[PDB]
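Here are the chains, one letter per residue:
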Amino acid sequence: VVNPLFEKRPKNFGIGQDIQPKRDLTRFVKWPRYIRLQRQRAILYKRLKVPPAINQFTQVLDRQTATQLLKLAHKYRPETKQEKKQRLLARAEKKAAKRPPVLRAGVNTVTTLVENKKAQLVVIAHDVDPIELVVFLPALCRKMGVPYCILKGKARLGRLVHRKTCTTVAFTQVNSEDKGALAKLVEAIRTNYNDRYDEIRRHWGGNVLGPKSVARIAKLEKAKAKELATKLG
Amino acid sequence: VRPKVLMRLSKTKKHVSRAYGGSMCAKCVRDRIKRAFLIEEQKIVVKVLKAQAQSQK
Amino acid sequence: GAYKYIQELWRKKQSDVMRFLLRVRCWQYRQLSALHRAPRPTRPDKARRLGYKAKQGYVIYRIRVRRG
Amino acid sequence: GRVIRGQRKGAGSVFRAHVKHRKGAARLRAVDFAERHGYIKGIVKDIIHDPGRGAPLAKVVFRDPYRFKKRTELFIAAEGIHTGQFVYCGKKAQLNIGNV
Amino acid sequence: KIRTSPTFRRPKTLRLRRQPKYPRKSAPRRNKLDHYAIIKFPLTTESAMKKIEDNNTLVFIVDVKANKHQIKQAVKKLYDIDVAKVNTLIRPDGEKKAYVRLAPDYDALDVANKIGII
RNA sequence: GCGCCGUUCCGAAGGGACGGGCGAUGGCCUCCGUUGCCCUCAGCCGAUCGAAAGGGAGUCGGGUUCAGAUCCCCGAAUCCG
RNA sequence: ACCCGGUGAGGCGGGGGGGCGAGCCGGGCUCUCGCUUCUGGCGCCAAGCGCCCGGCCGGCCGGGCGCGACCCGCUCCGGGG
Ligand SMILES: [Mg+2]
Ligand SMILES: [Mg+2]
Ligand SMILES: [Mg+2]
Ligand SMILES: [Mg+2]
């Protein structure tokens, strides 16, 4: 059956021995300057000692809670531009013959109904690009007593409202069919954020060295530990 | 003849009919053949002594 | 509104939050070129005070001047 | 009163180097994996005279480790190097002459 | 997917064609180098008449922006005659002179008597 | 500030080609090209300028003008596409 | 941060795996190695293996993917700071 013409011809990829194969080299690319910049921006957020008012946005409401919050917030989306025109045609027909609750959106409206205590829950995006827009807002929700959470995505918090991004999203009113589910969110979110807030205020961030540098420090410390522990016996 | 006149010439005007013909001389071709043979035969001999060094050890 | 909070937060430039932000942004701006376009204001509040409206046709460039 | 001559030399334009018939920057081979871990062979192609230099240079031709392409180098010839001599370069190379 | 190279080249984007929403100029410019604009007049010089009578050519004075191809097409169209070759020189006066050799089934003296020069 | 420095230096500096695939028009719609999209392949070196003495394929003989001829005319060629 | 050097920013740092040495009872451990030194030769655009898929009549002809070519990472590696 087999053919003796078919030969197994191996290549010896040793030093100086045979030419190197086109293997994966993403780690050694000369990247453009914008890529190089946006990577070591994140590296600096890991290196530098990040203050706790910026560090608190790294704590994000987890996945199984985020699904329940976005499920409840899909019930109360603002009307789309087409649905605005449809309701205006409906009231036009009624003229020719109580408004439902929505989500409030933006830092300005959400802060003004945090001080007025009209908010029942405040969702905060974690990646708002000048962070100074929302740095105060967890502490203000703490003072006014409003439950605040932090989600991953200004992008996907900008998809409840029909836009690109959105900084914050509040709950002012909900319906009686969807009232106890908001309470079940408010309990977990309140005990995860508001009740645990002094620990948030003191929690400095970052200040982690490189894995190569951590490995070199670890090699020195484990060598000192071994060379001190082998002497006692 | 001048290098752009080499467009005008026929093929056999510009080489000799041998391996590396018209690019390399005959003496260096035959020593390059001998070298290419004897280096590889020495590599076979080193391979065999490697296998026998596996045999004694 | 949020803008009075951002205003008095940017008056506190000696604080830890704001020293952190000015240091990280100043690094990031030094990595770019001497004249380039910001796609949006860095300080939305200050831009609004100074005349800017967030509509089509208002443009913001971030440019550096060598110092002294 | 005038700008003196030693000040004038730094502006150039008459006091620049005469680099017309020079051959190249006589450099070692760049660092790569073979230099750093093993060694790599190259033969001395010819030994050449550079103008404005008492040292003779040496076209040393290496085989590129990643591409099918021969790389050629201008070393500075150590004394006793001849043409058709294999020149090694790397961490594991031997300690003889003209061998970096 | 893998990066073979240590380099990042700029990736090749799609780019379209001009599909303009109005033409810039309203109509194209007319050719102002006609067949009539490009042959001003023949030469009636005794040297030019010697050339006509012997060497079977016609010595014209031509616009300075003309090719030998354009002079050949203009002589072919204005006087209905085919041309072997055109030799051009520009005078120190500034005019371009064309020596229009004819294909030998035509007499230069007959076409010179046709156009008037004798 | 008009601008200046700098010329490979802090650049996402490639608009190209062999093959495979998708379609679209044109010719006895045979087979081939014209494209448009996808996969693949791709180094170079810095845009451009800079020698009528440097590099640079290929035209010679005879006759002709008052004044032009390796240029016109006759005869022999030759290079490139 | 900032500075310098190299390069076509090409195998950096941990960890597995493999072999070769020393010490205890086939086994856990520390460390070293990782494939080229007799010659003025050649060396790329994968062989082999494993699993899928498509057109024709078990055979035929064109394809795909993974190993081969270890995994993971946050600075391209180095030298200063
Ligand atoms: Mg021959
Ligand atoms: Mg030029
Ligand atoms: Mg010239
Ligand atoms: Mg010349």
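Residues numbered from 1 in each chain as written, not as in the entry; some residues may be left out. Chains lettered and ligands numbered in written order. Part of a larger assembly, values for the part shown. Heavy atoms only, no water.

- Per the deposited record, the coordinates in this entry were obtained by cryo-EM to a resolution of 3.9 Å.

### Some remarks on the protein's contact with RNA strand F
Alright, step 1. Around RNA strand F, a shell composed of 24 residues is seen, among which B:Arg2, E:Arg10, E:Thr13, E:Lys85 and E:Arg101 lie nearest.
Alright, step 2. Near the protein, meaning within 4 Å, the atoms of RNA strand F are sugar or phosphate in a fraction of 64%, with bases accounting for the rest.
Alright, step 3. Here a base nitrogen of RNA strand F and a backbone polar atom of E:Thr13 are 2.6 Å apart.
Alright, step 4. Within the side chain of E:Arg101, a nitrogen or oxygen atom sits 2.4 Å from a phosphate oxygen of RNA strand F.
Alright, step 5. Every element with two or more residues in the surface near RNA strand F is listed here: α1 (33-47) of chain A together with α1 (46-55) and β3 (83-90) of chain E. (Near = heavy atom within 4 Å. Polar contact = N/O pair within 3.5 Å; in protein donor to acceptor, adjacent residues only side chain to side chain. Helix = DSSP H or I, 4+ residues; strand = E, 2+ residues; numbered from the N terminus.)

### Focus: the protein's contact with RNA strand G
Alright, step 1. In the neighbourhood of RNA strand G, 66 residues make up the surrounding shell, with A:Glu7, A:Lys11, A:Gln17, B:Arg32 and D:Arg71 lying closest.
Alright, step 2. Considering the 4 Å shell around the protein, atoms of RNA strand G inside it are sugar or phosphate in 46% of instances.
Alright, step 3. D:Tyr66 has a polar side-chain atom sitting 2.8 Å from a base nitrogen of RNA strand G.
Alright, step 4. Broken down by secondary-structure element, the contributors of at least two residues to the surface near RNA strand G are α1 and α9 (211-232) of chain A, α1 (26-56) of chain B, α2 (16-30) of chain C together with α2 (33-37), β1 (39-49) and β4 (86-90) of chain D.
Alright, step 5. Of the residues belonging to the surface near RNA strand G, the class tally is 26 nonpolar, 15 polar and 25 charged. (Nonpolar A, V, L, I, M, F, W, Y, C, P; charged D, E, K, R; others polar.)

### Describing the interface of chain A and chain D
Alright, step 1. Taken together, the contact between chain A and chain D spans seven residues of the former and eleven residues of the latter.
Alright, step 2. Interface area, chain A with chain D, both sides summed: about 600 Å², of which 60% is carbon and sulfur.
Alright, step 3. Linking chain A with chain D are zero salt bridges, by the criterion used here.
Alright, step 4. Inspection of the region where chain A meets chain D yields two residue pairs in polar contact.
Alright, step 5. Residues of the side of chain A that touches chain D, tallied by class, amount to two nonpolar, three polar and two charged. (Contact = heavy atoms within 4.5 Å. Buried area = accessible area lost by both parts, 1.4 Å probe. Salt bridge = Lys/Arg side-chain N within 4 Å of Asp/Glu carboxyl O.)

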